[PDB]
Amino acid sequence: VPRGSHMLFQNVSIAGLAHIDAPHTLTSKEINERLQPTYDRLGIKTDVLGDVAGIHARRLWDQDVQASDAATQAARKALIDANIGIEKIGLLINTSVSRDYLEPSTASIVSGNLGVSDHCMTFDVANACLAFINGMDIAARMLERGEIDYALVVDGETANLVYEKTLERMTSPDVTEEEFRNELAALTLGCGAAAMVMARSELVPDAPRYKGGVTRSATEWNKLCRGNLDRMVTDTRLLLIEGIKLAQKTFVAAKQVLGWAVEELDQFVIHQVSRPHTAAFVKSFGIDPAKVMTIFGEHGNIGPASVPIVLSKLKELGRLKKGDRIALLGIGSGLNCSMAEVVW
């Protein structure tokens, strides 16, 4: 019986993938030492970072590293992984939450750094921690159509400033319990970068395929997590609960359009938000935890770069083999939930 493609992407591949780990380690132990007087004043006796959130360390850049710098570093690495020159790139999309300026785009700055040709289309996409997937989808539609041969999706996150200013606010003798709780999740963020080269499958016959997938939203929850360059406020409780509710809705759609059943997927590359988020997600959908790599523990939450960083790390570790069915998914501020598939 002839069936439709369910609008999944055809002939779109992943030609190259790379990640950058930021150089300076900041441990939760050091952070707690700094916060201890405030903990004591608030009567907080558990390690809310290392034991509850499950984050033991995260990485930071130097103060003077911009989103675009980190993104550029990842891009050059991904180009090498794809064994192609920048002159072949017809589209470059930057998907980071971190941003150099209001304008021009961070993508234009990265493109300038790399030396893209005058045919290269560039722009930023912003959608909290799901934007890398959005950028992949945007690139995929052009590649499928045959408009371009290769695309770069890039993402550099700088959390230095938010750490600096949050730690200052959270150690004020005047800080309230409410503001402390509001800003706590900022201390689970991490720096890092990722880049991906995507291509028409014709050019890279043995490369992984990207099929795309599905999205559902609950934009009535757009206030749950709000962040600027120096401050992030989060309702962690509702983020968790409403996130899981939305994911259940998305999974139903995934089953319909992707044919997903959890036992048949080989890897789940998921949003890296916290141990409790991960535990709840895995438990909600009856996922085998062995199929869910996490990096939150030593890198924290790297926003929209998290997913591709985890994928790149799976690649470098030799965890992925030809034929493996890889679920890429995330819940991001919005609220939004996207689920997509890669066949290695």
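One-based numbering along the sequence shown.
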Inset, instruction - Read off the CA B-factors in the entry, average them over 96 to 104 and over 149 to 157, and name the higher stretch. - result: 96 to 104
Inset, instruction - With reference to the PDB entry, specify whether the mean Cα temperature factor is higher for 59 to 67 or for 31 to 39. - result: 59 to 67
Inset, instruction - Would you mind finding, among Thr176, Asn134, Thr250, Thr166, the residue with the largest C-alpha temperature factor in the entry? - result: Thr176
Legend entry - Candidate residues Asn83, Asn127, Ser217, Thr234, the one whose C-alpha B factor the record puts highest: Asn83
Inset, instruction - Using the B-factors in the PDB entry, rank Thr72's C-alpha atom against the chain and give the third, lowest, middle or highest. - result: lowest
Legend entry - CA B-factor ranking of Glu242, expressed as a third of its chain: lowest
Legend entry - Within-chain third of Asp230 by Cα B-factor, per the entry: highest
Inset, instruction - Check where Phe268 lands among this chain's C-alpha B-factors and tell me if it's the lowest, middle or highest third. - result: middle
Legend entry - Relative C-alpha B-factor of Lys45, binned into the chain's lowest, middle or highest third: lowest
